[PDB]
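Q: Right, I'll just put the structure down here and ask away after.
Just so you know, all these numbers are worked out from the coordinates, no wet-lab data involved.
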Amino acid sequence: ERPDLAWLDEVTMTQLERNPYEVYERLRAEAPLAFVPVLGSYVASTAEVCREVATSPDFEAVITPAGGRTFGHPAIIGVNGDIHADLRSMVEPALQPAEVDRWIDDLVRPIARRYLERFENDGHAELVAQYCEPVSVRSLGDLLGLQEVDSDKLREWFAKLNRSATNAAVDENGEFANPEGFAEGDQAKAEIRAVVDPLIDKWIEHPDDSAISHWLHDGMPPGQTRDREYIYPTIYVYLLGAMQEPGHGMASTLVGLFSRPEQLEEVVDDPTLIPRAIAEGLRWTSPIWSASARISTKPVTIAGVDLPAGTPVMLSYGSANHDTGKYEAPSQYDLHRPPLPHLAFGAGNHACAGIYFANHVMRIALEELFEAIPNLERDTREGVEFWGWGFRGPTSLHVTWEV
Ligand code: HEC
Ligand SMILES: COc1cc(C=O)ccc1O
């Protein structure tokens, strides 16, 4: 469509999944708002355009097409107006900072210890599978009321939901190129229903302190609950991004710290710097890289593009967090970067609802990890592969330490 961007026609999904940064660097210089054929959508790549689209009164939330096929309605990420306000009201109580501070430490710290105890004396570990992901899912799972769902199962569900919700590739007719990729999303949803429908059955008659029970009961007239079909899409949104991203964020922070060994040493010596290390990790490899979207409600002009009403725009926050108009050498992890704003949690009315919770989950897990294994070192004989365009993180993180 845009003639000087004809090279975009040769960009593939695989290339974006394996490393999107080269394409998006060109996009930030050539076309901060650009239609990307394989994605079938306009894409916002700079911090200015992302921030503008995310906060504009001329835009409302929309779900990406593969996200919609995966989550259905009403996914909190893709609804507006009254439904959105109800769902925000539904999820916000356990995420309130004053509430998180009451219990986050007794929640996450014993969990981190239980997983650290399985390997802290081995001298080698794969931290993604053995620590980062389990701590992340076990923490949220217990908060939700999924105490009896195994870590390994929560991790399998978010991986399947991941691949389904990012199955974004379209052919030249605008149709999904790989419709089979939605099947494992459908299978994960089916397993989730078989496991969670009995829990909802119980919570409806016997409410408890689990978050999902509060989603059913909070703000409802006496004897009434929100219909399960009304809350399931948001349960799926949790069982993907809320389960996956704090694991991705702490693992990416570790990889960044390993890439700067004197900063890693500084953080191990002074664990009060862990929150600053995590914030730079989120900027350096944003866990939610390009999975949120908005849609114009009016005709709008963004970055010299005139958009008709009803135009979706994907927000590639992960690219915006490497904006060289904001940062010096963004592809380099640097703990001592000035604490500038970043977009790893989004912006506007649909900005992440779990920021305060997530930052504490990541802080505590890194605290316990560095105290258990202060001589942690990356295994230089293994490579670290980052994967993902919609959600991005390291596929594994092999480490060693002298025992
Ligand atoms: C306990 C729940 C929870 C956790 C954990 C969580 N999130 Fe959020 N996040 C949400 C919810 C709910 C939304 C949807 C907000 C909405 O659409 O109103 C969201 C939305 C987002 C968005 C989209 C915002 C936008 O502008 O469209 C981003 C980006 C995001 N989260 C990043 C993260 C990152 C990064 C982490 C972890 C490091 C994380 N999330 C962990 C609950 C969570
Ligand atoms: C916080 O969970 C999710 C967030 C997003 C934001 O774009 C997309 C899918 C998810 O499951």
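Q: Hull surface divided by four, with the convex hull built on the Cα atoms of the stretch 65-111: how many nm²? Walk me through the numbers before you get to the answer.
A: Working: hull surface 19.1 nm².
Mean orientational projected area (the stretch 65-111, Cα hull): 4.8 nm².
Q: Once the mean 1/r over all distinct Cα pairs of the chain is inverted, what Kirkwood radius in angstroms do you read off? Spell out each step's value before the answer.
A: On the way: mean 1/r = 0.0459 Å⁻¹.
About 21.8 Å, per the Kirkwood formula over Cα pairs.
Q: Which of the helices in the chain, when you take each full DSSP H run, stretch at least 18 Å along the axis at their Cα atoms and have an average Kyte-Doolittle score of 0.0 or higher? It would help to have the intermediate numbers written out before the result.
A: Working: long enough: 97-117 (30 Å, -0.59); 151-165 (21 Å, -1.05); 183-205 (33 Å, -0.30); 243-259 (26 Å, 0.29); 355-372 (26 Å, 0.59).
Result, helices passing both filters: 243-259, 355-372.
Q: Please work out, to two decimal places, the log10 of the ratio I(q)/I(0) at q = 0.22 Å⁻¹ from a Debye calculation in which every Cα of the stretch 42-186 carries one identical scatterer.
A: The Cα Debye sum returns log10 ratios of -1.30.
Q: Could you tell me how far the Cα centroid of the stretch 174-217 sits from the Cα centroid of the stretch 268-345, in Å?
A: 30
Q: Using Cα-Cα distances under 8 Å and only pairs 6 or more residues apart, what relative contact order does the chain have, in percent?
A: Values: 643 pairs, mean separation 112.1, N = 403.
That works out to 28 percent.
Q: Turning to a different aspect of this structure: For the stretch 25-94, take N as its residue count and report Rg(C-alpha) divided by 2.2 N^0.38 Å.
A: Numbers: Rg = 14.7 Å, N = 70, 2.2 N^0.38 = 11.1 Å.
Compactness ratio reported: 1.33.
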